[PDB]
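So for the sequence shown, our numbering puts the first residue at 26; every next one is plus one. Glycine residues also receive a C-beta, built at the ideal position from the N, C-alpha and C atoms.
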Amino acid sequence: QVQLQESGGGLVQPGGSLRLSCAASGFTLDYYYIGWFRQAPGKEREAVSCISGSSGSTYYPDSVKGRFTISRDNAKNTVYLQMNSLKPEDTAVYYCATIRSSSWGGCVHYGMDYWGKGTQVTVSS
Numbered sequence: 026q027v028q029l030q031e032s033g034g035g036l037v038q039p040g041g042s043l044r045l046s047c048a049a050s051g052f053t054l055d056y057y058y059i060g061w062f063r064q065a066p067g068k069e070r071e072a073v074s075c076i077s078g079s080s081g082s083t084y085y086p087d088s089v090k091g092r093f094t095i096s097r098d099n100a101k102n103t104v105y106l107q108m109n110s111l112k113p114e115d116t117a118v119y120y121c122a123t124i125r126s127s128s129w130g131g132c133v134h135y136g137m138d139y140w141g142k143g144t145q146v147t148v149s150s
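Here's what the structure looks like:
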């Protein structure tokens, strides 16, 4: 039942912006925490943005804090990651993940229960 489907990947120029969407099915945002993760080529997968489905409270790691913002639309059951001022080092597959807020334990890859299949973002150079 619980599934996530990311979309919006494509080629961006450096300094450009891109918004990714994560469509939730099998659940509603209110009971969960939604996270965005990324894997740049050769690199370990790392957290990027978490959001609370109910309150909309957010968590941003140092590397993207300021440039990346996550938002959620309860009515559309969708979580969005806005990326501003993109850098070539942001090239990665961006994954959506979620966990029931009852089990919420921080914005870490080992604390997620369901994973999307990813969507590739490439910042040309």
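(request) Tell me whether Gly136 sits in a helix, a strand or coil according to DSSP, three-state version. (result) Working through the sequence shown from its first residue, we reach residue 136 at position 111. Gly136: helix per DSSP, three-state reduction.
(message) Check this for me: beta carbons of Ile76 and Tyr58, under 9 Å apart or not?
(response) As a working mapping, residue 76 is identified with position 51 in the sequence shown. As a working mapping, residue 58 is identified with position 33 in the sequence shown. Taking 9 Å as the Cβ cut-off, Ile76 and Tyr58 qualify as a contacting pair.
(message) Looking at the strands, I want to know which residues DSSP matches up with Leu111.
(response) Position 86 of the sequence shown, counting from 1, holds the residue named residue 111. Answer by DSSP bridge pairing: none, since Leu111 is not bridged.
(message) DSSP three-state label for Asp98, please.
(response) Position 73 of the sequence shown, counting from 1, holds the residue named residue 98. If DSSP states are grouped into helix, strand and coil, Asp98 belongs with the strands.
(message) Quick test of your reading: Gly143 and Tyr119, contact by CB under 8 Å. State the CB separation rounded to the nearest angstrom.
(response) In the sequence shown, the residue the question calls residue 143 occupies position 118. In the sequence shown, the residue the question calls residue 119 occupies position 94. Right, their Cβ atoms sit about 6 Å apart.
(message) If the criterion is Cβ atoms closer than 9 Å, does the pair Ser74 and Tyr84 meet it?
(response) Working through the sequence shown from its first residue, we reach residue 74 at position 49. Working through the sequence shown from its first residue, we reach residue 84 at position 59. Result yes, Cβ atoms of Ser74 and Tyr84 sit closer than 9 Å.
(request) Thinking residue 23 and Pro113 are a contact (beta carbons under 8 Å), I'd like their distance in whole angstroms, please. (result) Past the boundaries of the shown model lies residue 23; the chain is included only from 26 to 150, so the question cannot be answered.
(request) Would you kindly check if the distance between the Cβ of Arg63 and the Cβ of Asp115 is under 9 Å? (result) For this step, residue 115 is matched to residue 90 along the sequence shown. For this step, residue 63 is matched to residue 38 along the sequence shown. Yes. Within cutoff.
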